[PDB]
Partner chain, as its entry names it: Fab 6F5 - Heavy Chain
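In structure tokens, one chain follows: the form deposited without the partner chain.
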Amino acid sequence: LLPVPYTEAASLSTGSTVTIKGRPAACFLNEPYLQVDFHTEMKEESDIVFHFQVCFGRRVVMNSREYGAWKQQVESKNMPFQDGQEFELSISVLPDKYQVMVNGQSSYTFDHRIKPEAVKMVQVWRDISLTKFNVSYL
């Protein structure tokens, strides 16, 4: 249903939740990727407050791009995504960090390096099909 790369303007603060439903575009043997980037401007070259990159079946890396430069990457081996299955990815803004849940289970967190109020745009891209994208505020 949704075009990939997927772009949507967005604002985030404490209590915001970004929810993504989709499925990998390839079998895990072929190592598809998923990337979710919280950008500071509508341009894709803009800074990235929160970068979330899944190499399905292998690892996750999280980072930020600040004044054009990648910072300290955080690596995680948690891999709750299942081969060939739909996933529901939810990214919640807490006061001190993002909490990333996959199919209802807390799987990753990432401390705010830039205030989330700096976010203007979310991009979801790489090797997924995308059926649902929502930003909600509570």
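Residue numbers count along the first chain shown, from 1.
We do not show the form solved in complex with the partner chain, though everything after this point is about it.
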Residue contact check: residue 41 to the partner chain in the deposited complex, 4.5 Å heavy atom
yes
Might residue 66 be said to contact the partner chain in the deposited complex, defining contact as any heavy atom within 4.5 Å?
yes
When the partner chain is placed as it is in the deposited complex, are 21, 36 and 86 each within 4.5 Å of it, taking any non-hydrogen atom of the residue?
no
Output the sequence-ordered list of residues from 79-99 with at least one heavy atom within 4.5 Å of the partner chain in the deposited complex.
none
